[PDB]
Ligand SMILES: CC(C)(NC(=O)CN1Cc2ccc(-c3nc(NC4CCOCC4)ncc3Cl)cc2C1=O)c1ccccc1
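Coming up is one lone chain in structure tokens, specifically the form deposited without this ligand.
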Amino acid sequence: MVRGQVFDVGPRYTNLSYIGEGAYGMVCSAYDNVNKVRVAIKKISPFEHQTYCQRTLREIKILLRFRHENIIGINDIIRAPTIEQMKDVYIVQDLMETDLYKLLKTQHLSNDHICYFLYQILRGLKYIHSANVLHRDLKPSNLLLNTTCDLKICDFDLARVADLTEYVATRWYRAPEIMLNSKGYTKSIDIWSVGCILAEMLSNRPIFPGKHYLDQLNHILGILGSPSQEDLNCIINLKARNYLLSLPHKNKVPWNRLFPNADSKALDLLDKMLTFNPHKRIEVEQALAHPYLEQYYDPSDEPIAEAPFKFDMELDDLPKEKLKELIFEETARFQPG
């Protein structure tokens, strides 16, 4: 009934209106007749591909467990009664006004907003990482905003527990570790992404807008300068390691030459976040205590996960059918009754 595709969210959710696409697939805005508000609903049909089952079930479990002001929550999950009948899954979330991607492309951002937005991202991320969870795909389009400048992290489809070759809308916000296929990436990849986002909030333009795979590193090395052999510490691709050393020695561009009107405090933190070496990269807890965020910093009003995360089984090994059963049992909560 919407854009040709069927949307069986009624009778609770009515007044449908198309928003955009996934991630998983079609997303629409509907009026919740129960809670008397408008909500966002994602339609998911993951039962064909095996990876889609992983990403769907992983996001469900994580988000249902999480409970934070700066993280989107799942209000409801609509699916068919029986398991064979269930071919689609509908996730209901709070309808946010806009995102950081829409905002940055059109309108200029003041320092106080940039500072406030940065604090909320890290505050939310703190809760994430404290739960030993990696978002892995942070970006301006994954940061939703409302009327009162409240920020919420979204789209945990590519998330996992801290211990790929799939398609993505953008690779501009990925750490060099991912680019260099460094098996054993940690929480530092999220920090890098927030760094790229900080930079984009300042200049209203992407900091590392590479056209493709190799071009991404050229923009990074162009600004940060060439890396040492010590930076090449982790078990990375031997050829990629050699290729990096074979490239011409580029010089580091001072941040104030890139961001002249930017606050010196913000640039200081920006530096610590966008360091090539993953281990030398600042941690979220230390990033919040940074002088730039002292106006909002408050350890007493920054909740964490009561206990770190751990899934019962490894979903990477389970087949397409057992994952459906796992999804079926995880969504059993919202079924009446």
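In case it trips you up, residue 1 is the first one in the sequence shown, and so on.
Enquirer: As recorded in the PDB entry, how many deposited residues are without coordinates between residue 163 and residue 164: none, 1 to 3, 4 to 9, or 10 or more?
Expert: Per the record, 4 to 9 deposited residues are absent between residue 163 and residue 164.
Enquirer: Tell me which stretch has the larger mean Cα B-factor in this entry, 321 to 329 or 13 to 21.
Expert: Looking at the record's C-alpha B-factors, the answer is 321 to 329.
Enquirer: Would you mind comparing 289 to 297 and 48 to 56 for me and telling me which has the higher average C-alpha temperature factor in the entry?
Expert: That would be 48 to 56.
Enquirer: Which one, 142, 182, 120, 193, has the peak C-alpha temperature factor per the PDB entry?
Expert: Result of the comparison over 142, 182, 120, 193: 182.
Enquirer: Specify which of 154, 103, 80, 197 carries the largest Cα B factor in the deposited PDB entry.
Expert: Highest C-alpha B-factor among the listed residues goes to 80.
Enquirer: When the deposited Cα B-factors of this chain's modelled residues are ordered and cut into thirds, is residue 268 in the lowest, the middle or the highest one?
Expert: For residue 268, the deposited C-alpha B-factor lands in the middle third.
Enquirer: Looking at the temperature factor on the CA atom of residue 35, which third of the chain's modelled residues does it land in?
Expert: According to the entry, residue 35 has a C-alpha B-factor in the chain's middle third.
Enquirer: Taking only the Cα B-factors deposited for this chain, tell me whether residue 310 sits in the lowest, middle or highest third.
Expert: Its C-alpha B-factor, which the entry lists for residue 310, ranks in the highest third among residues of this chain.
Enquirer: Is the Cα B-factor recorded for residue 87 in the lowest, middle or highest third of its chain?
Expert: Its C-alpha B-factor belongs to the highest third of this chain's values.
Enquirer: Against its chain's modelled residues, does residue 150's Cα B factor rank lowest, middle or highest third?
Expert: It belongs to the middle third of the chain when residues are ordered by C-alpha B-factor.
From this point on, the text means the form solved in complex with this ligand, which you will not see here.
Enquirer: Is it open or blocked here: this ligand placed from its pose in the bound PDB entry by C-alpha superposition, 2.4 Å cut-off to backbone or C-beta atoms, 3 or more ligand atoms needed to block?
Expert: Answer blocked: 3 or more ligand atoms come within 2.4 Å of backbone or C-beta.
Enquirer: Check for me: heavy atom within 4.5 Å of this ligand in the bound PDB entry, for each of 131, 134 and 193, yes or no.
Expert: No, because 131, 134 and 193 lack any heavy atom that approaches this ligand to within 4.5 Å in the bound PDB entry.
Enquirer: Hey, in the bound PDB entry, does residue 216 get a heavy atom within 4.5 angstroms of this ligand?
Expert: Judged by the heavy-atom cut-off of 4.5 Å, residue 216 is well away from this ligand in the bound PDB entry.
Enquirer: Decide whether residue 19 counts as a contact residue for this ligand in the bound PDB entry under a heavy atom distance cut-off of 4.5 Å.
Expert: Looking in the bound PDB entry, residue contacts with this ligand include residue 19, since a heavy atom lies within 4.5 Å.
Enquirer: So in the bound PDB entry, does residue 68 come within 4.5 Å of this ligand, heavy atom to heavy atom?
Expert: Flag for residue 68 set to no.
Enquirer: Hey, in the bound PDB entry, is residue 155 touching this ligand, heavy atoms inside 4.5 Å?
Expert: Yes, residue 155 lies within 4.5 Å of this ligand in the bound PDB entry.
Enquirer: At 4.5 Å between heavy atoms, only one of the stretches 94 to 102, 246 to 254, 121 to 129, 78 to 86 reaches this ligand in the bound PDB entry; which one is it?
Expert: Result of the contact check: 94 to 102.
Enquirer: Considering non-hydrogen atoms and a 4.5 Å limit, which listed residue (62, 270, 284, 26) is close to this ligand in the bound PDB entry?
Expert: None of the others qualify; the residue that does is 26.
Enquirer: Among 189, 223, 207, 144, which has at least one heavy atom within 4.5 Å of this ligand in the bound PDB entry?
Expert: Contact residue from the list: 144.
Enquirer: Across 39 to 54, which residues bring a heavy atom to within 4.5 Å of this ligand in the bound PDB entry?
Expert: Residues within 4.5 Å: 40, 42, 43, 44.
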